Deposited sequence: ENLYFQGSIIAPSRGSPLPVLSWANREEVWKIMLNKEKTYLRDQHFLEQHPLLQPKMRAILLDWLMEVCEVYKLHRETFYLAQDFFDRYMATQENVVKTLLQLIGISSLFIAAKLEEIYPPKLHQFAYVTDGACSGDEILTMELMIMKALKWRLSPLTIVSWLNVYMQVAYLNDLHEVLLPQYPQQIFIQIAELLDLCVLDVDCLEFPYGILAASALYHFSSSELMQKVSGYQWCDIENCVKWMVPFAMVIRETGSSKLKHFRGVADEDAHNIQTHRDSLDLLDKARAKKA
């Protein structure tokens, strides 16, 4: 445990949550009509709706995880079902995570008529019943939050720079767009992205993993990290009605589709 309830007890419960929430990197093999890029365009679009409604990064990553894990239970999904499966994964996520989530009609409206409120209601129950109501994962962005606090040392009060968080989050947003990310545990992916913006010493100190635990994910993440570096990282945005100390937790969107091609 990298943390300073018991330190090892809280940390082991967290590590044993990735071990109970199972996800497979080649889930799109069960859906032969689908190609890995369909998943990328969908997740990218979900990030943009998240930014439009000033939704938290956590609710995007809950929706990403519900979608990828839901698809592992299904078979023969068509390109036309994707928008409903995704917007319904986001409906569940926003209701679980936001204080005042957008209303059902706002979720139907953002699909431009392709999904009705009743279709989303039917889909959220299919999703929740297929996931056996296991809707509380430790997301990729949740690990980044844990690591950013330990870097700037009380672990429950948020004390860390917002702009650095955004730059690491931006790299994770690109990597999640590729289905091969699912081969690596969520904690490993966040620690590897953090490593690309720092070092193994900072990584091990804030995450507890050794460099051999992370080495494989680091090499896989290499191309995604260089495309971000080539373009120059983003600046922390301001959002009306969102407090300054919470601005780093709002999901943002950019040309990640172009960046993913390289």
Where are the gaps relative to the deposited sequence? 1-15, 20-23, 173-176, 286-291
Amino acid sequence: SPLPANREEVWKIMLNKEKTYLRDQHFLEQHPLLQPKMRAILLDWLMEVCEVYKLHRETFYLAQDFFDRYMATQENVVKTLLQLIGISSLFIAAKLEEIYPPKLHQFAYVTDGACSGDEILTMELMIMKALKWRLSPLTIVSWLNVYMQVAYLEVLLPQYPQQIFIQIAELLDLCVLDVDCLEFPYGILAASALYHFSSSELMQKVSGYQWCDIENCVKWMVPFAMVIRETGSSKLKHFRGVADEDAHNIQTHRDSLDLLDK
From here on, numbers count along this sequence of modelled residues.
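Rigid core: the largest C-alpha set superposing within 1.5 Å between the two forms.
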So, in 6 other deposited structures of this protein, taking the root mean square over structures and residues of the Cα distances after a rigid core fit: is 160-168 or 184-192 the more displaced stretch? 160-168
In at least one third of the other PDB entries compared, is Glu98 left unmodelled? no
Is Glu75 missing in a third or more of the other PDB entries that were compared? no
Tell me which stretch has the larger mean Cα B-factor in this entry, 88-96 or 103-111. 103-111
Looking only at C-alpha temperature factors in the entry, 58-66 or 228-236, the higher average sits in 228-236
Out of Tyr195, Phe27, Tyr53, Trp45, highest CA B-factor residue: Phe27
Between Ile127, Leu189, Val150, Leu171, let me know which has the highest C-alpha B-factor in the entry? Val150
Entry-reported C-alpha B-factor of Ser199 relative to its chain, by third, is lowest
Should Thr20 be placed in the lowest, middle or highest third of its chain by the C-alpha B factor in the entry? highest
Modelled-residue ranking by C-alpha temperature factor, third containing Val78: highest
By the entry's values, the third containing the CA B factor of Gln159 is the highest
Looking at the entry's B-factor column for C-alpha atoms only, identify whether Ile13 ranks in the lowest, middle or highest third of its chain. highest
